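What follows is a set of notes on a single structure, which appears directly below.
In this analysis, Cβ positions are derived from the backbone assuming ideal geometry, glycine residues included, and neighbour counts consider all displayed protein chains. Only the coordinates and a few stated rules stand behind these numbers; no lab work does.
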Amino acid sequence: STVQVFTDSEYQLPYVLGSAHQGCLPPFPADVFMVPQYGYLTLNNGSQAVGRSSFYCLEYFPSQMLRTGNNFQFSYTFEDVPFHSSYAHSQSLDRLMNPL
Amino acid sequence: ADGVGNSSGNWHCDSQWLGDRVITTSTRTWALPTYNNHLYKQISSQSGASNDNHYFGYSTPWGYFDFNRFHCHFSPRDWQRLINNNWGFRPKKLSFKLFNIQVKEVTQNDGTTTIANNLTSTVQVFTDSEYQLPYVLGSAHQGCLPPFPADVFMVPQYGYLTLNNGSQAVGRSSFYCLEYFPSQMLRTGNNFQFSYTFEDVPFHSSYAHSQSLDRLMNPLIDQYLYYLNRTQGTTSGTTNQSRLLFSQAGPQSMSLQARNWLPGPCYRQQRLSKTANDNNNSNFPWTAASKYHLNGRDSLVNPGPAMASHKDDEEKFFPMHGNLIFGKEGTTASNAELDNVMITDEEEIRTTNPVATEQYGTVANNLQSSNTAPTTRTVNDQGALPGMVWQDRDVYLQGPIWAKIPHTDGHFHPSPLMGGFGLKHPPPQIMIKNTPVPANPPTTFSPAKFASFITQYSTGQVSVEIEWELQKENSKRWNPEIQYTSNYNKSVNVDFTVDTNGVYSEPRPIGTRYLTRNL
Amino acid sequence: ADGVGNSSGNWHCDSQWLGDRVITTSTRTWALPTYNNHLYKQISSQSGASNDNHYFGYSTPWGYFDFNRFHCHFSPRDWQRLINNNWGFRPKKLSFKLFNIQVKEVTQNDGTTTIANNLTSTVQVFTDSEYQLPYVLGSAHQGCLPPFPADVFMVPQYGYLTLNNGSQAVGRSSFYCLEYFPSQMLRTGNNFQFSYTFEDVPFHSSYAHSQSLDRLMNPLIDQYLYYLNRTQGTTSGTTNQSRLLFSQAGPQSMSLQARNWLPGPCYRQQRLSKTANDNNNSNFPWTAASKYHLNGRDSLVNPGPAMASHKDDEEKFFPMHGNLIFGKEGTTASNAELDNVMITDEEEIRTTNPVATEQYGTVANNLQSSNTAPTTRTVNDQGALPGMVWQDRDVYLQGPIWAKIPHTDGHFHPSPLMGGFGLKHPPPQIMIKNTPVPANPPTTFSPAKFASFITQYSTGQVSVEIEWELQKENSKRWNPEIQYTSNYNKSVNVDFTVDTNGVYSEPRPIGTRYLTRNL
Amino acid sequence: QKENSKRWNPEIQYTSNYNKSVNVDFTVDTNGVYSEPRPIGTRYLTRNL
Amino acid sequence: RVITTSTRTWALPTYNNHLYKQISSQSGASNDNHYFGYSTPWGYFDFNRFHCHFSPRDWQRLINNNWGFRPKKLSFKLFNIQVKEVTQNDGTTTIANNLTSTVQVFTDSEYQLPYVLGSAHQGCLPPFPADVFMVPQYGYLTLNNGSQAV
Amino acid sequence: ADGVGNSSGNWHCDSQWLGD
C-alpha cells in the first residue's frame, strides 16, 4: 500500500494554518500525535452557496506516492521579515527628555 | 523493475496550458476482478428473441481500459477555458502508464471474508497496436476514467461479436483468443508504459456562424442576373393570359436571388414537443422512427446526420433520436423521466445544416403545359449534390472523443456521426488480466481440465496524458461575444462539485461551439 | 510619394499572349461619393414583409472594388481567341493598382453647383487579406470594371448581413467596424499597390464531348456478359408461361449492355416553352419551382446543379430557374420581356449530365411474385452514387469568375454552381473611403457628436492585371471543328461595338465550350 | 497577469445574452448612434484570501 | 502583454478669440460653489478612459482570462493636419483651404501647468473609431478668498 | 528508495547554538 503526499508551494489551496487550530508536533518529543483532517470554506449567502464559490479537488494536484522504504524531503527559505522585538523599553514616550 | 517496498510511478494529474497546445494528464485508481472464471464463453442472443436483437459472439476473461470521453480527460474549468478562447483543437500525442499494481487474494470461510496480499502473482497486459482484435471502443459504452479524480473505478470486461445467421453462427465467423498474443507479465514493482501519436485529422469546428447560407450577399446592391418572376401579364387586359416576365432580385426580393451553394444533406426525423400532452397518444417510437435495415434486420439512427434540432423561436421541439441524451447523476437506466435526462441541442448549425424535423425542399415532378398545371413534391431524404456545404456535429465535455473508421473500400465523410475525430489508426486498446493461480492439484495425475483456481483480484493506478493542439481565434467582431459562465445566483450547491454525500454530478451539457465566424 | 503636379502610374490596358499563359490587364476610371454621411446604419428587413424576404445587417460608409467578371477583364476578340484554341484555363497571378487620385469638394449656394480641388484631403484604402469581414463578392452583384475601357464607373457601397430571428437580431450576431482595421491613407500623389497569387485549382473544361456515356463501346463486337431478355417462353406453347431467358447484347440491342458509370446527380426543375401561349395559364413560379428551405424559410435554386437545358431537337424548352439569364443593353430591371433578355444554354453537357426537365430514371419499389406484378417508381431527385461522372457548368464572357468556398466542416464538390473557380482564399476585397472633413466647429466646446462635414467626392484610376494559365488542345479529329464567328451578313451596326449614341452593348452570350474531347 | 487557479468547477464570466433582440449590444442603431448598454467591470475571476 | 492602438479624427476651433480670460465664480453664488481661475485659447487631448482605448470584445477577452494588468508604454502621433478658413457674407458660409497657416502643439513633460485630467471630464477619443470628435478647451483654477483672488 | 527491511532517515531532534 502506498501513501500520497504533496506540498502546495504555489499557494493555490486555501491556507488554513495560522488560525490557532489544534494538532502540531506535541511539545514533548516522546508523544505520538495524530494528523488533523483538512477542510476549507468559501463564499456563502446564508447557509447556501453562490456561483462565485470555488471547489478544490486535492487529487487534482501532482503528488508523490511512497511505500515502506521511500521517504519525502522538502526545503524552504523564508523571505525578509523584521526582527521580533524581544525586549521592553526602559523609557517612556511621555518621559523622553532632560529632567534638568 | 523494483522490490515490494518501492513505488512505481507517481500521481501527476493537473494540466498545462502552453502557447499553441495544452497537455492534459489525469491519474486514477482501478480495480479488476476475474471474469468468466478464466474462461472464454460463447454468447448467442436467445431462443425466441426479436429478429433485430440477434447477435452471436464471445466473452473473454480479459478487461480493457477506456478513456474515450472528454470528461475522462478535461475538467469543467479547463473545458470552459478551452472553448471560450479557441476556434478549434485536435489531439496530437498520447502517453499511458500502469503502476502501483497489487494482487490481493480473497478467502471465504463464513459470512466474513478475509483479504491478504499475494506478492508472487502476476498480471498480464498488452496493447493491440496492429488492430487485429475487434474494436469495441467508440460505441458509447460505460467505464472510462471517472470525471472526478478521487473516484476509484472498475475495469470493464471485454467481448466481441461476429457474423450470425439468426441466433446461430456461420463458417465465416472468427474466434480470437487473447492469450494468443505477446503480452507483458508484471508483478508488484513492475510497471507498463505506452506512447502513441495521432495521425493528421481536421480541426474540430468549435464555433458558430455569424452569417447564413441564404443571406450571404450585399443588402444594398441588386443582382445583374434576371429571374422569371411572373407568368401572367402585368399590364391591363393581360392579367389572365400567360406572358413570361423577368426581374432582378434586390434587397427586397432577397429570396429569389442566385446562389452558389446548397445546405447539407438531410434525413428527416420525427418531431417531439418537450411537453408530454402536446404529443400524439400512441407508442409510435420504432414504428414512426427513421430507421435503416441491412441483412434483413432493422436498426435505429440515433445520432443521424448532423442536422439542426429546431427552428428559431421553437426551443420546445426536438427530433426523435436526433441528438445525444445524457443521464443525470443517480438516474435509472430504464424508463427515466424527461426531467431526469439531458438533451443536447444542435441549433448552432441552423445556418448551414437543414432542420431535422422539416424537409429539404420541393422538386418539380411533371411536365407542365396548357392543359396540365405544374405539380411539385416535397423531398425529405436528400443525398449529396455538387455545391453542398454542411457542418459537423458538436462534441461535449461528456461525449465521445474519437472512433475507428471501418476498413472498407469506400467512405464519404469519415467524421463519426456521434462525435469527434475519426481515425484509421486510433489509440489501441490496452487489455489487462489476472493470471489464474491453481489450487492444490490432485496427488494422482488426471488429464481433466483444471477448474479449481484461487480467488483473487487486482488493483492499481493508471495515468493518461494527451497533448492537444489548439487553434486561436482572431475575429474582427466589435461587440462582445457569447461565452460559457456559471450563474451568480445563490444556490444550495455549486455546479460540478460534490454534495454533502460526496457524489460528483454534472448538471448540464457543455458544447464547444461558442465563438463565431463568417461563412 | 510625389507632389501635386506629378502623375502616379500610367494607363496600361492591352493583353499579351505568351506560349503557355496570357496576361490580361485593364485600366478604368472610377468615382466615389460619401456613403451614409460617414455613418454605420443598422438595416432590418421591414415590418410586415414576407418571411422568406427577411434580413438583418449593417451598411457602412465604405466602398469596395469589384472585378469578378470575365468581361471586366477580357475582350470579345481575346475571348474568342482563347476559347477557339484551348481546352482549359485558370488564373495564376493578380496585380492591382490605384493611382491618379483626386479629392474634389462641392459647394451649393443656389440652383448651380461649384466643384473645386482639395489637395490636402486623404483617402483610406485597405485589403482584407485575412478574410475577416464578410465576403460579398461572388453574389452576382453590379458594379465591376465596365466592359468598355472608355467607360467611367462608380464604386459600389459595402454592406453585410448577419443572423436574424425574423426582422430582429440575436446575440450571436456580429458587428464589424471597418475603421477598426489598419488602413493606408493617401493624398494626390500617393498610390496603392497589391499583389496576389491564386491557389491550385482545377482547369476549367472549355470543351464538349464527342462521345456519350450510353454510347462508349465498340459498335461491331458483342458483349460476353449475359442479360435476362425474356421472362415468357420463346418456343411454341410456352409463350404464356414464365421462363427466364438470357441473351448477349450487341450493336442491335445496344441499350441493354453492361456499363461502368452513371450520369451525374439530378434535381428536377420545371420546363418552360419559349412560346408564351404554349405554357400553362397561371402564375406558377415560386409555387411550382424546385426550392430548398432552411431555418424555416424558403429559397430558390436559380442555377441549380449543372444539368442539360433540353434534349436533342428541342431548342424551345428551358428549365425554370435552371440557367443564367443576362440583360440586354438598356433593359428594365423589373418585368422585362422575353426578347429583351439573354438565356444561356447548357446543352453541351447532354452527354454526361442528365436533362433538367426530365428524370434520372425509374427504380423498382416492390417484391414481384406470381400474385403481384412488379411495380417501379420514377425518381426525380438523385444524390451521389459510386461510379457517377458529371460535368460542371460553363462560364461566359459576362459571367462570374470565382467564388469563396464557405469555411465549413464538409464539402462535396466545391465548384460554384453559378460559374467558375471556387477558392478557399479568393482575391481579397479592397475597400476605399473618403475621410470625413469637419466643417467649422462651434467656438464653445460641446461633447455632442460632430455631424457637420464638408461635402466632397473622389475620383481616380484603377489598374488590374491577371496572369492566366492555358491548356492547349491536341486532338486527332480529322474533320474541322465548330468555333465562334461573327456573321458576315450586312448589318446596321457590328456586334460588340458602340452605336451612334456611344453606348456599348453585348448582343449574345459566349460560352467557352467549343472544342471537343472523347470521354 | 495570467491566472493559474486550481478551482475545479467552472467560473463566472462576461457574456452576451443569446435571446432575440431588436439590436445587438455595443453596436450602432438604424440612425448610426453608438451606445453602451451596461457597465462592465474587470473583477470576474476569483482568488483565495 | 497587449498593444492597443486607436486612431481618431479631431476638429479644433479658436477659443476666447485668442485671449486669456479671468473667470470668477459669480456675485451672490453659494459659498461652496466659489472659484477663481483663468481660461486660455488652448485645447488639449484627452484619452484617459478605457473605452477610448479598448473595445467591447477586447475588454471581455482581457477580463475573462487575466488576474491583473497595468500600463507599460505609450506612443502618441498627430498628423494629416489641415487649417481651413471660414468666410461669412450672408446666411451662407464658405470654407477654403489655408496652406500657409500653422498650428502650435506642445507637451507639458515637466508637469508645470495644472493637471486637469483625471477629473472625469468630457472629451476623450470617442468609443467608436468612426466618430469625429472635438478638442476641449483648457482652463485652470487657483487659490481664491471668496469670489476674489489672493 | 529501499526495501522493507531498511530504515529511511533517523531520529535527530536536539538543537545547535552557533555564533549568530
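Answer yes or no as to whether B:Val155 is under 30 Å from B:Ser7 (Cβ atoms), among the aliphatic types (A, V, I, L, M), in contact with a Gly (Cβ under 7 Å, 6 or more places away or on another chain) and surrounded by 13 or more Cβ atoms within 10 Å (Cβ to Cβ). So B:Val155 fits the description; yes. Residue-level check: of (1) in contact with a helix residue (DSSP H, G or I) (Cβ under 9 Å, 6 or more places away or on another chain); (2) in contact (Cβ under 8 Å) with a residue 60 or more places away in the chain, C:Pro303 misses just (1). Examine the stretch C:104-118 for a residue that is surrounded by fewer than 17 Cβ atoms within 10 Å (Cβ to Cβ), β-branched (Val, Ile, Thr) and in a loop (DSSP other than H, G, I, E, B), and state whether such a residue exists. Yes, the conditions are met somewhere in the stretch C:104-118. Picking from residues in the stretch D:20-49 that are in contact with a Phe, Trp or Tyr (Cβ under 7 Å, 6 or more places away or on another chain), within 14 Å of chain C (Cβ to nearest Cβ) and among the aliphatic types (A, V, I, L, M), the one that is nearest to C:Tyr55 (Cα to Cα) is D:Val24. Scanning the stretch A:24-51 for residues that are closer than 28 Å to B:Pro149 by Cα and either of a type outside the set (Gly, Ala, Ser) or surrounded by 10 or more Cβ atoms within 10 Å (Cβ to Cβ) (or both) yields a count of 14. Would you confirm whether any residue within the stretch B:395-413 is facing another protein chain (nearest Cβ under 7 Å), within 29 Å of B:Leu262 (Cβ to Cβ) and not acidic (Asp, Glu)? Scanning the stretch B:395-413 turns up at least one residue that is facing another protein chain (nearest Cβ under 7 Å), within 29 Å of B:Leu262 (Cβ to Cβ) and not acidic (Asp, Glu).
Output the residues belonging to the stretch B:473-492 that are more than 10 Å from chain D (Cβ to nearest Cβ) and assigned to a loop (DSSP other than H, G, I, E, B). Answer for the stretch B:473-492, where residues must be more than 10 Å from chain D (Cβ to nearest Cβ) and assigned to a loop (DSSP other than H, G, I, E, B): B:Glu473, B:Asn474, B:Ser475, B:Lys476, B:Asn489, B:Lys490, B:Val492. Evaluation of A:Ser54 against the conditions (1) of a type in the set (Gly, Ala, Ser); (2) surrounded by fewer than 18 Cβ atoms within 10 Å (Cβ to Cβ); (3) within 13 Å of chain B (Cβ to nearest Cβ) shows that the sole unmet condition is (2). Taking the stretch C:27-56 as the range and being of a type in the set (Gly, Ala, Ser) and surrounded by fewer than 20 Cβ atoms within 10 Å (Cβ to Cβ) as the test, the residues that pass are C:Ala31, C:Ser44, C:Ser47, C:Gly48, C:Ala49, C:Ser50.
Scanning the stretch E:62-81 for residues being more than 10 Å from every other protein chain (Cβ to nearest Cβ) and among the polar types (S, T, N, Q) gives a total of 1. If the condition is being closer than 22 Å to B:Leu213 by Cα and facing chain D (nearest Cβ under 8 Å), then the stretch B:493-519 contributes no residue at all. For A:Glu59, the conditions (1) within 8 Å of chain B (Cβ to nearest Cβ); (2) assigned to a loop (DSSP other than H, G, I, E, B) all hold with the exception of (2).
Could you check the stretch C:449-472 and list, in sequence order, the residues that are more than 14 Å from every other protein chain (Cβ to nearest Cβ), out of contact with any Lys or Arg (no Cβ under 6 Å at 6 or more places or on another chain) and among the charged types (D, E, K, R)? Of everything in the stretch C:449-472, those that are more than 14 Å from every other protein chain (Cβ to nearest Cβ), out of contact with any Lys or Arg (no Cβ under 6 Å at 6 or more places or on another chain) and among the charged types (D, E, K, R) turn out to be C:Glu465, C:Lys472.
Residues checked against (1) part of a strand (DSSP E or B); (2) within 14 Å of another protein chain (Cβ to nearest Cβ):
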position	(1), (2)
C:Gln16	yes, no
C:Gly19	no, no
C:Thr29	yes, no
C:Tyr35	no, yes
C:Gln46	no, yes
C:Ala49	no, yes
C:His54	no, yes
C:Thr60	yes, yes
C:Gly63	yes, yes
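Scoring B:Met388 on the criteria (1) within 28 Å of B:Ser205 (Cβ to Cβ); (2) more than 7 Å from chain C (Cβ to nearest Cβ); (3) not basic (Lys, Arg) leaves a single failure, condition (2). Checking each residue in the stretch D:7-49 for being under 17 Å from B:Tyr514 (Cα atoms), polar (S, T, N, Q) and under 12 Å from the mean Cα position of the chain (by Cα) picks out D:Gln13, D:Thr15, D:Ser16, D:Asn17.
Among the residues of the stretch C:245-297, those identified as within 14 Å of chain B (Cβ to nearest Cβ) and over 30 Å from B:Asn380 (Cβ atoms) are C:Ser273, C:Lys274, C:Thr275, C:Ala276, C:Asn277, C:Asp278, C:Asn281.
When residues of the stretch B:128-144 are filtered for being surrounded by 14 or more Cβ atoms within 10 Å (Cβ to Cβ) and either within 16 Å of the chain's Cα centre (by Cα) or among the hydroxyl-bearing types (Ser, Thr, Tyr) (or both), how many remain? The number of residues fulfilling the criteria is 8. Taking each residue of the stretch A:30-49 that is among the polar types (S, T, N, Q) and looking for partners that are exposed (fewer than 12 other Cβ atoms within 10 Å of the Cβ) with beta-carbon atoms closer than 7 Å, six or more apart or interchain, yields A:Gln48/B:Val492.
For the stretch C:168-181, the condition of being touching a residue at least 24 places away in the same chain (Cβ under 8 Å), surrounded by fewer than 16 Cβ atoms within 10 Å (Cβ to Cβ) and either within 12 Å of chain B (Cβ to nearest Cβ) or more than 27 Å from E:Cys52 (Cα to Cα) (or both) holds for none of the residues. Being more than 7 Å from chain C (Cβ to nearest Cβ) and crowded, with 21+ Cβ neighbours inside 10 Å holds for only one residue in B:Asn353, B:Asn366, B:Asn335, B:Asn340, and it is B:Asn353.
Scanning the stretch B:182-235 for residues that are over 30 Å from B:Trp62 (Cα atoms), polar (S, T, N, Q) and more than 28 Å from the chain's Cα centre (by Cα), we see that the one that is surrounded by the fewest Cβ atoms within 10 Å (Cβ to Cβ) is B:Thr235.
Residues of the stretch C:66-90 that are surrounded by fewer than 20 Cβ atoms within 10 Å (Cβ to Cβ), touching a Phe, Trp or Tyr at 6+ places or on another chain (Cβ under 8 Å) and polar (S, T, N, Q): C:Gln80, C:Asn84.
Scanning the stretch C:269-281 for residues that are within 19 Å of C:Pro354 (Cβ to Cβ) and in a loop (DSSP other than H, G, I, E, B) yields C:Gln269, C:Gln270. Go through the residues of the stretch E:82-100 one by one and say whether even a single one is within 25 Å of the chain's Cα centre (by Cα) and under 30 Å from D:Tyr14 (Cβ atoms). Checked the stretch E:82-100: no residue is within 25 Å of the chain's Cα centre (by Cα) and under 30 Å from D:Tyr14 (Cβ atoms). All conditions but one from (1) more than 8 Å from every other protein chain (Cβ to nearest Cβ); (2) over 21 Å from C:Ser95 (Cα atoms) apply to C:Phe148; the one that does not is (2).
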